[PDB]
């Protein structure tokens, strides 16, 4: 054919806005999909975007044509602060250099090794202390979980953890929570279409920008301090390593290693390494309370494999297929980043029988893959069996793509999985979960869905086992 995937006819500037509900972008797009097919074109305001629904379409593009779909598209709210700098929301050589450096440096600081495993186990011990500190009282688990998760990536990028009582630490965590929420609201999704006008208007979006600026200012301040105390021969953290590279690249006019990329890359890792794992833990505990039978089976496995005294360790996962299936099912059901981070084609592309001109933005609908009816028997239910065969052994799925896939896939995946396993296992070894309401009445549908999937606010109690 040589034409763009088909889709609803757009109007000048507003695009397909009148055919979408900003409060329910995923549903709006899936509905349109029913009429046009799994691969179609939508206009988010002036942004022409090719939407990919279901496993095959997503894998065929992002993996079978990985290089062609390896460009980074827009996320207007994050782009407000990043402006094309840093490692996530950037493109070309800049992204390429920053990604190679970040992965190497994260490994240098223990990621994927015993070094970060020990860091996570230690922070998990501090979480257990904090939960015991509540005395079994009903509490909002939100910041208990985020403080613990954030301290892992914080020890890597800033060299030391934050004290749980540090008020500024709480403030940064509120900024992250607030920005993920804003991007998942109707206004945050309206912003994705009309940022050209909205970035200049009063409104909720301005408060969101101020939370991003607050996070940026905090990182700039930390960088300054490291700068004046830096030992080129003994880096303390991610920031020092980057400062050293900047030093070594000072004679290169075209280097990507300069202050703005240092600040933005560090900001990407601080927010990235915090909010998504935190949200997943929070959703996870809610699902476990909605499903006591699953919690009960987790406890049998933990007591048998690990016991009551030693701390869980990452190698324990190989002997714990049920917990591994449970964590996969939480990520599959949570669908935390439902439309991934937009990609864009690097050059003119032929995909299936369509034509995608260079620069065209792409929405890989991860959530449509995680709930693909050809890969999961009951996609709309929380059921760990989705990841187990008949002998209760762990069974992988090609449709398990919460970290996306391809050339710009999440390089925080190994760290995330290690955190999820050790935090879920250590909490559940130590506590049984008590909801403030009957399981039948627990509502696990999300509170907001847009850029992220946000669970409803809730309180619960952690009772020692």
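Positions refer to the first chain, counted from 1.
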item: Given 249-257 and 176-184, the range whose Cα B-factors average higher in the PDB entry; value: 249-257
item: Average Cα temperature factor in the PDB entry - higher stretch of 345-353, 323-331; value: 345-353
item: C-alpha B-factor winner, where the candidates are 420, 32, 49, 405; value: 32
item: C-alpha B-factor winner, where the candidates are 278, 205, 265, 229; value: 229
item: Position of residue 425 among the chain's modelled residues by C-alpha B-factor, lowest, middle or highest third; value: lowest
item: Third of the chain, ranked by Cα B-factor, where residue 316 sits; value: highest
item: Chain-wide C-alpha B factor ranking for residue 25, given as lowest, middle or highest third; value: middle
item: Position of residue 40 among the chain's modelled residues by C-alpha B-factor, lowest, middle or highest third; value: middle
item: Chain third (lowest, middle, highest) by recorded CA B-factor, residue given as residue 11; value: middle
